[PDB]
Structure formats: C-alpha cells, structure tokens
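A single chain, nothing else alongside it, follows as structure tokens in the form deposited in one PDB entry.
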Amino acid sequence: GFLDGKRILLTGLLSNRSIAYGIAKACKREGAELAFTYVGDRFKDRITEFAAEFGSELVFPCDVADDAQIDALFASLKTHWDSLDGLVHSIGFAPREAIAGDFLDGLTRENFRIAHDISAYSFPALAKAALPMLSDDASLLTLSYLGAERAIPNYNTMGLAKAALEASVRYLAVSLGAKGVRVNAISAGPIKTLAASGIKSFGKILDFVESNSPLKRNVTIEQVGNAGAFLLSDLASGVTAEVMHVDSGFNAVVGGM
C-alpha cells in the first residue's frame, strides 16, 4: 500500500466506531505499522484487543492532561521505534455543561481551560514531545469539526477549542516544515462515535447533513480513514497547513431552505 513501512502512532481509539479506528484500518491496509495510546489502566485491555486487531502489541498510556505522560509516551515508543512517521491526534473533551444548551450558561474559566487544554493544546504538545524522533517526512494529523468555522448549536466551547486547534495546525506547519514535516487536519462530518453521545441533538445534525449535503449522505469512518491515510502518506507530500473537509461537502452549502 501507499503507507508501506510508515510507522504511525494513533491516539483516541476508544471503540470500533472511533474515527481513529477507521484511520487505523486504512493505515494498516496500506502497509503501516501502528502503535496506540489509551487513558487509564481500566482501559488497557480493551485497547490491547483493538491493537491486536491491527497486528500491534504497542500500546501506551497517555493522558494529555499530564506532561509526564506525554514525555514518557515517546520515551517508551522510542524503545520500539527508532523513528516516527505519523501521528494521529484524535482526542477531545469539554465538560458536559460547556457543550450543552446556551454557550454562556456553560461558560466558566475552568470549563474553558479544560476544553482548550485537552482539545487544542494537546496537539502541539504531542508534536513537541515527538519532535526528536520524527522522521523528516513525518506527517501529523488532527481531527476538527465545522463548529470551528461557524457557530453550531450546543458545540459552544468546543468550537472555540477547535478554532485554536486549526490555528495550531498552521503554526505547527511553519515550525516543523523546514525539517520537512507536514501538519494537517481533517474537518470531519458527524459520525456516530462514543464522543457523539456527548453532543445533544447529534441526531438532528446527522439527519440534516444527510438531507442537505451535496452527496446527500453522511460520511463514514472508512471515508475519514482513507482521507487520513492519504494525508499521512507521501502521496500528500505537497499538502501541509491544510484543514480538509471530509463531510460529504456539507460545509460548502447553505442547507435547510
């Protein structure tokens, strides 16, 4: 495949419906060797199962809230891999209040801090900790959503955080690009993942993009996965600082009228 020999670390694989799952499958299919992170010892066995699914026994703890775990993640990976060619950042969190109902009602200094810490800061944080072992053609990929660009109901503080995340893509691209490293995001359409249970009225968004997107269909983790594999590969050698929509074209319309 077009990722033959590429070694890629994936965060955020929580279930078989996770976006990271779809990316993992496409990457493995195209020849990559994979490693995975998880959060909390309670989940080690589940991720080891998932990892086995993709021919991997490389799983490491990483709570991105903790500097020590971020550094220890790459120290551990480094015992197995001399170089890292790909990093998939598929991680996000905000307190339920901060993504329910009215934007201001859920706004507190702490809710803001946590959302931005986990959902935005963590991406350039992992990039920085990974840097010493990044191959010169490495590719860093994060996941965003249209709520970064336009106000979407309930998304609220996550929208602010995703806006900072997309900006981080641009600044990381400049910082790491001289070396040859690329940094991109996929702005994915809604997909029924575990995280989607967080978003109130996820169902309504889903119906709405099915009915209004140019392709008149929702995207799948297979589609987001294949797009991700492309960006992580040398096929996308000329692409950096890009936020690529993989959402059936929904971002490009005004729907519902």
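Note that residue numbering begins at 1 and tracks the sequence as displayed. Heads up, when I say rigid core I mean the largest set of C-alphas that superpose within 1.5 Å between the two forms. Shifts are known only where both forms have a C-alpha.
Note that the form deposited in another entry isn't included here; everything after this is about it.
Colleague: Using a core superposition, identify the member of 62, 199, 59, 221 whose Cα displacement between the shown form and the other one reaches 2 Å or more.
Modeller: So the only displaced C-alpha belongs to 199.
Colleague: Since the CA distance of residue 195 and residue 39 differs by 3 Å or more in the other form, is it closer or farther than in the form displayed?
Modeller: Compared with this form, residue 195 and residue 39 lie farther apart in the other form.
Colleague: Answer with closer or farther for the CA-CA spacing of residue 185 and residue 196 in the other form compared to the shown form; it moves by 3 Å or more.
Modeller: Relative to the displayed form, residue 185 and residue 196 move farther apart in the other form - a change of at least 3 Å between their C-alphas.
Colleague: Where the Cα shift reaches 2 Å or more for at least three residues in a row, which ranges qualify between the shown form and the other one on a rigid core fit?
Modeller: Run with every C-alpha shifted by at least 2 Å: 192 to 199, nothing else.
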